[PDB]
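Student: Next input, structure requested:
(chains A and B, ligands or ions: 7)
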Amino acid sequence: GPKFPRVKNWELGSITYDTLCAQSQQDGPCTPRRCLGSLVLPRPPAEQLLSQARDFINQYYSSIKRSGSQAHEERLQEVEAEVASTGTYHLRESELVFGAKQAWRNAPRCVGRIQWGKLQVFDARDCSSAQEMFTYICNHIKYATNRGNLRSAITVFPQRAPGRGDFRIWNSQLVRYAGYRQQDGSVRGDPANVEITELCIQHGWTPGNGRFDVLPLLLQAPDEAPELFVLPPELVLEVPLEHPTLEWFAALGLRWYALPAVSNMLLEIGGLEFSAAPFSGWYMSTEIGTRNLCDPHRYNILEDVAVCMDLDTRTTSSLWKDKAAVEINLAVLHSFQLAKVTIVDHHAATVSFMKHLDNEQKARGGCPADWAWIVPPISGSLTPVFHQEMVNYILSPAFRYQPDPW
Amino acid sequence: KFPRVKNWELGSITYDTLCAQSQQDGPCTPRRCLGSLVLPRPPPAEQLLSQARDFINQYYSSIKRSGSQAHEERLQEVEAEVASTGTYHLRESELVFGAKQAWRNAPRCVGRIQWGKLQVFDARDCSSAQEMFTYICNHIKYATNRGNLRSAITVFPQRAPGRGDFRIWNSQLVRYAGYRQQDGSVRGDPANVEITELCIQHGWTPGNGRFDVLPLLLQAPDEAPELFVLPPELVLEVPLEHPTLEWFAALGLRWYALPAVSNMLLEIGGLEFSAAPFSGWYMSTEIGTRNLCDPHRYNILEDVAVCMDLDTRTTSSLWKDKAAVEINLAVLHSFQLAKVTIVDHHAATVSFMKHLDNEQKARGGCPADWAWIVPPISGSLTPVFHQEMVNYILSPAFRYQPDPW
Ligand code: HEM
Ligand code: HEM
Ligand SMILES: Cc1cc(N)nc(CCc2cccc(CCc3cc(C)nc(N)c3)c2)c1
Ligand SMILES: Cc1cc(N)nc(CCc2cccc(CCc3cc(C)nc(N)c3)c2)c1
Ligand SMILES: C[C@H](O)[C@H](O)[C@H]1CNc2nc(N)[nH]c(=O)c2N1
Ligand SMILES: C[C@H](O)[C@H](O)[C@H]1CNc2nc(N)[nH]c(=O)c2N1
Ligand SMILES: [Zn+2]
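Tutor: Numbering: from 1, shown residues only, chains lettered A, B, ... in the order given. Ligands and ions are numbered 1, 2, ... in the order given. Below is the structure:
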């Protein structure tokens, strides 16, 4: 065959070669000596910026089928002259739209990519206060939430400037429950959010005392202290959780919010960096039902639920963890459906990712995918992705992790 | 240089320094990770000699006699043999050390906490496929032990540059026939269609059940392979029943007791053992989840779920996840009832976590393959899911090798 990775699906016996990886311009964490594929995180001046800009502009003109043309070479020229005199440059409106989608398309760890082409891109590159950031975010939440008929969106605030503070959103997600450190070492609420909760209270937030207290937003305009904003409750749609047949489940008082809106990622496009570009899609049920509710280091509710189920938790072989997790996941789906709020179960999501893989094979000759992340945390081999070999690599545009602002 | 390895459940951190002793390139490069690929697509005296030096070193260190007379003189012996003959031979205790280390170094094995408890049968004085069969039967009888399974390996003659390999054609010592039917269908185990046809082409009379224990096709150098039927009484099987669902037993589902891989090459200090079958015991997900629920194996999930009267019309009723658990439960219960060793995936991974700990203290790390160590149901309900892992190749090692046909 060719000298590109051969890629096998073991369920179906089919083979593809990934030619897209040749486009990768950035090294990941692996070497021939050892694979670091399972680590969650592993570790601008003119020369560097310009070639990255050049690459992206090429990408753009390729996508509108005008590669090599006059409008393409002039834009190239327009870019290098702007870098020549200010040291940075700016994207045209449709370039941002293209690059933002491309970043979602390029994201190895997102199972939701069948939807990449359908993203609402809000340009907020005129935003100039923390207050204004709030407004923008509120509009984003209203739009995307669409009373339950969730719609994918991204709001792009202004880019990193040479010696100028960043636009940052301190919260890792637009909606997050509080995590209060107790005197008995324990945590009331979401243990994932202890630090940000503590940051909020330090910046003047009067705290609650519940397992599902919605956090305020800490929003930071350049060179300024972060300002604190409460989201009006009518804007934050939540779903109380109940089970289709286990009647007692409604009595646990569990709930989740509708809009999964990540806010601490860096969005890189042709070398430009947008430190505040929160984006939102809709949940896969396992995120809430398996990770958020059952992780030993989150809500940790598995024992509570299995007791109500009257299962034998004294021993592992009764599969009590497995039984409860299934019921909790099904409660997530049932309650989301009932409330008429968009959700996708881990089966549908994975099937649709297989179709996305097939599209991308036809379109780009491959698709970067992080197997450990794409395969769900329950019912793994029950879904088709488990049986699909994946190649992982960094394409740009991209979303990156970035340091916390404090 | 040294990767930072983090457990996200507990926030704890370690550093793998062991991976520096890796001498053998895997499939990844800085440009792209290939960690999810299942397989990768006389060695000049210099190379055999240095792999051998390294192995002997490991061995004399393992017995704390590193640098003594017996150490130097055994290096002499190896230097003498390679120089004269282009190869050398292992002493039984060294072979015994090698095997255990190959198990220890197996990144895709969740059972390594047991790595030091391994019965090693030297079969290197085997000259016929007939003799291989005798050895294979003793191994089975030993390893099964009336249901109280004991880890074991039998090691057949090494490879030799002149000649064909000693090989076991079957991929496990015990396997159920897969028969392709006219109607594109498969009766029995779809993984074993090829090997069933081979048996038939070499004169096996096939049954036609869903669970026909296949015969061994055993091959001595440069001779046609030979057919040998395992005496039904050496093959312990467990019928499947369910703790609460009375109807489950009527499905007539069954699985064998002894998981005994037989197609992997074992490399020790540069010598290659092309037939070296090994067995431990099962982890339930292998039978309950993969073997019975894989769409391309027995594929029983729909059947079961209908028995359970679940809504099969839609994915969001979680009929697959619900049926899957019942099947893994049926498996554990049935083995526990039949007094045959089995570990559920919670117990197994908890113990693997501990093994990761022992190895850290012992060696500065543990090569591990995250995609294989995390079980195929309830991944994140297990501690291994939250554990970062460094994968690489240490020697002694089990490798894959081509099919002998
Ligand atoms: C439309 C519905 C969507 C679904 C069902 C979905 C699904 C997921 C899931 C399950 C994860 C794993 C996260 C975790 O386990 O914590 C993920 C990661 C990710 N998602 Fe999506 N997503 C969707 C929309 C989007 C959108 C609109 C974007 C951005 C435009 C996006 C970008 C990403 C990125 C960049 C990651 C990687 C995060 C990391 O590196 O840790 N997704 N996605
Ligand atoms: C004693 C109990 C044992 C348990 C519970 C256990 C468990 C497992 C499991 C679940 C796998 C993945 C299996 C699959 O999905 O196909 C595996 C792989 C493996 N096991 Fe173990 N194992 C045990 C003993 C042993 C022994 C005795 C050896 C050899 C001395 C061994 C060597 C290996 C090797 C080399 C692999 C890697 C297979 C590959 O790379 O394809 N294991 N083990
Ligand atoms: C749009 C969207 C849809 C969906 N269904 N789920 C999500 C959640 C994805 C998600 C969740 C937590 C966290 C991240 C980014 C991880 C992350 C990022 C940074 C900057 N630092 C860290 N320490 C960790 C991404 C997002
Ligand atoms: C010792 C042991 C214990 C246990 N619980 N299960 C097993 C079975 C695991 C098992 C089964 C078939 C085969 C292998 C490795 C050989 C192997 C070889 C090739 C070419 N492809 C594969 N997918 C696998 C491993 C073995
Ligand atoms: C150690 C491991 O990389 C880590 O636990 C990963 C595994 N896979 C995951 N997959 C998804 N989708 N989300 C996650 O948070 C994780 N966690
Ligand atoms: C393609 C993917 O790597 C493949 O399906 C792997 C995943 N993890 C596995 N894990 C185990 N234990 N056994 C397997 O066969 C597999 N298959
Ligand atoms: Zn890798």
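
Student: For ligand 6, give me its nearest residue in the stretch 151-300 of chain A.
Tutor: For the stretch 151-300 of chain A, the residue closest to ligand 6 is residue A:286, as judged by CB to the nearest ligand atom, at 17.7 Å. Placement of C-beta: from N, CA and C, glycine included.

Student: How much space separates the nearest residue to residue A:263 once chain neighbours are set aside from residue A:53?
Tutor: Spatial nearest neighbour of residue A:263, excluding adjacent residues (CB to CB, 6 or more residues apart in numbering or on different chains): residue A:278 at 3.9 Å. Distance of residue A:278 to residue A:53, computed by CB to CB, to the nearest Å: 24 Å.

Student: the more surrounded of these two?
Tutor: Remark: of residue A:278 and residue A:53, residue A:278 carries more neighbours, 27 against 23, as counted by other CB atoms under 10 Å in any protein chain shown.

Student: Report how many residues lie close to the residue nearest to residue A:89 when sequence neighbours are not counted.
Tutor: Nearest residue to residue A:89, sequence neighbours excluded (CB to CB, 6+ apart): residue A:82, at 4.1 Å. Neighbours of residue A:82 under the rule other CB under 10 Å: 14.

Student: again, but for residue A:44
Tutor: Neighbours of residue A:44 (other CB under 10 Å): 16.

Student: That one contacts residue A:88, doesn't it?
Tutor: Yes - shown here, residue A:44 and residue A:88 form a contact pair, counting by CB atoms under 8 Å, at 7.4 Å.

Student: what do those two both touch?
Tutor: Listed as contacting both residue A:44 and residue A:88 by CB atoms under 8 Å, 6 or more residues apart in numbering or on different chains are residue A:162.

Student: Packing partners of the strand or helix carrying the residue of the stretch 151-300 of chain A closest to ligand 6?
Tutor: Taking DSSP states H and E as the criterion, residue A:286 maps to helix A:285-286. Packed against helix A:285-286, as judged by 3 or more CB pairs under 8 Å, 6 or more residues apart in numbering or on different chains; DSSP states H and E, are the following elements: helix A:320-338.

Student: which residues does residue A:267 contact?
Tutor: With contact set as CB under 8 Å, 6+ apart, residue A:267 has these partners: A:100, A:103, A:154, A:156, A:273, A:274, A:277, A:397, A:398, A:399, A:400.

Student: Near the closest residue to residue A:369 other than its chain neighbours, how many other residues are there?
Tutor: In this structure, residue A:369 finds its nearest non-sequential neighbour in residue A:390, 3.9 Å apart by CB to CB, 6+ apart. Using other CB under 10 Å, the number of residues around residue A:390 comes to 27.

Student: again with residue A:151
Tutor: Other residues within reach of residue A:151, judged by other CB under 10 Å, total 15.

Student: wait, what's in contact with residue A:214?
Tutor: So residue A:214 contacts A:175, A:176, A:177, A:178, A:231, A:233, A:236, A:257 (CB under 8 Å, 6+ apart).

Student: The residue nearest to residue A:369 and residue A:354, how far apart?
Tutor: For residue A:390, the distance to residue A:354 equals 11 Å [CB to CB].

Student: Give me the phi and psi angles of the most centrally placed residue in chain A.
Tutor: The structure's chain A has its C-alpha centroid closest to residue A:262; by CA atoms, centre = their mean the separation is 5.3 Å. With angles defined as degrees, to the nearest 10, residue A:262 sits at phi -80, psi 140.

Student: ditto for residue A:368
Tutor: phi -70, psi 130.

Student: Return the subset of the contacts of residue A:267 lying in strands.
Tutor: Among the contacts of residue A:267, the residues falling in strands (DSSP state E) are A:154, A:156, A:273, A:274, A:398, A:399, A:400.

Student: Apply the buried test to these and list what passes.
Tutor: By neighbour count, with 16 or more other CB atoms under 10 Å in any protein chain shown, the ones in strands among the contacts of residue A:267 hold A:154, A:156, A:273, A:274, A:398, A:399 as buried.
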